[PDB]
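The chain below stands alone and is given as structure tokens, in the form deposited in one PDB entry.
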């Protein structure tokens, strides 16, 4: 069950490395005072930057593509307050073999630096690292938007340059605060220094004179900024009151002549289309690749191809087959039970709208389960009595409450949610200027409601390598030492979530991961009276792989087969068809155990971002894994009309982590973990 086709990656093959590049100059470093021994590594890279060439770190020394005589071989550094004196010593050259991953790594660091350094020298071109911006996409009243691309340059195993390209844009507010003010434009959100990158939350304009404000040092504002050479060639203008990097109420003094506004997208909207149709993006990518090759003498670009296989579209089962979850409202649910729902009105109206009661009764008739609708005659304004009302509805079997309400402020939303959650009542909010013809909104609402209640509504009828697929999210951190969360989808049925639930400090990451996993295991055991034969482990690849060692070990001790797979929402590059149209379910195998996956592609103008996956453990054939993950993409019961770009367990753990973020909510004790309260 597949297909076959060919695609271009947004990578390009360029010229072979010439003999000199294959034989970099080697340099021995001498510092004073030496020190470090274990800290003698960031220092090495820093020296490699101070030298001022195409030079990188290589072993205990330096590799360079720049002749040592055009380097700053002797100079000084200031690292964390300490001042070092360095001298570089040319020690001849040493050949590097691309076939050695270490040496090729060095070669690629050199290639990257080559790209950046050579791009800096181009006239009529703006460069901010691995980003180059040529043309001018749009300009108006003091600000312009430049169009270019983000790049990378590394070295193949066959010893040739490889150039990744992807068009981006840049919003430059090429002016000054003072002026910007004049144009009559409104004071922006945050403001930025004109002499560095530190940015302060713009609080208010001042009322006093810069030559008066006494600073902690004896200096005034104006001559403080004058002393450090900043008023040299510019008019300081009026005084401003910026707010600190983090957050505070204690403001700081600044100058509208040393401040530059920073425009977000919305600021431009108050005057866009920075998305590109995939055809246009491919074109511009090619153009910029040939342009770079031309200007840098790297030859004419050969776009790299790759075989791609069109995966089979999954079989979504409600009562019968469905194209999308929303249809199950007409057709019926996969596994319905005796369910009790509750209404909570905050618009001071009475009961269920008729079309909602109808839609629900219909959907449940088509499922033969018997539905029971309650109404909460209670309000949060009551105090404890409200909590009591909630408790009563719970004991009467209510599983979830729909909340008809005008647009709630963030804080009130979270407070209300958390409130119902204390009494074990998941809730779906429906904003109440509500017409019946708004089918999408209230049907999605209804789906969320039912999901929260514990219904299944849809399933994948297929057969898959692992009957348990659990996804791991680590919040916004690079480890589970500070907690994270898991969501489990059982082949394509049953849904569970788990929190770290064991403090957030002196926690061993491996043990956290194993705890999440073990709890999902035990949930599965409770629902099935057995342990699963194989589990699919999905992580977001932002935490070290070592953090799953204990979980894998434990899965083995228990005779449970596994497959560890890493999923990265960003970095997969772009993917274009050679001929024809680009479609869903694209599987694009790549290097050692890694592949691309173009899961989603609907009526959006912009180019799709393929997923990048790495089979890090287990002996399941890649195509099989890609199959299962792609199908897991279609098992999100809350979206109803559109599929998420990520597999259900990861998408779920994302919404979960974000919701715990929004609410409390350490011990969500009364909430059943079969109930997806966070969608």
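Here the rigid core means the biggest group of C-alpha atoms that line up within 1.5 Å when the two forms are laid on top of each other. Numbering follows the first chain given and starts at 1.
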Where residue 437 meets residue 438 in the shown sequence, the number of deposited residues left unmodelled: none
Unmodelled deposited residues flanked by residue 490 on one side and residue 491 on the other: 1 to 3
Mean temperature factor over C-alpha atoms, higher-scoring stretch between 605-613 and 193-201: 193-201
Which of 445-453 and 588-596 has higher mean CA B factor, as the PDB entry lists it: 588-596
Criterion, highest CA B-factor; candidates, 82, 108, 533, 520: 82
Member of 252, 474, 549, 401 with the greatest C-alpha B factor (per the PDB record): 252
B-factor third for the C-alpha atom of residue 660 within its chain: lowest
Residue 63 CA temperature factor, ranked by third within the chain: middle
Relative C-alpha B-factor of residue 233, binned into the chain's lowest, middle or highest third: highest
Residue 413 - Cα temperature factor, lowest/middle/highest third of chain: lowest
Residue 525 CA temperature factor, ranked by third within the chain: middle
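The next section is about a form of this same protein that is not shown, the form deposited in another entry.
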Rigid-core fit between this form and the one not shown, the member of 418, 583, 504, 306 whose C-alpha shifts 2 angstroms or more: 504
Threshold 2 Å Cα movement between this form and the one not shown for residue 541, core superposed: yes
Did residue 61 shift 2 Å or more between this form and the one not shown, C-alpha, core superposed: yes
Exceeds or equals 2 Å, Cα of residue 9 between this form and the one not shown, core fit: no
Inter-Cα distance between residue 544 and residue 481 in the other form, nearer or further [3 Å or more]: farther
Outcome for the Cα pair residue 667, residue 390 in the other form, compared with this form (closer or farther; change of 3 Å or more): closer
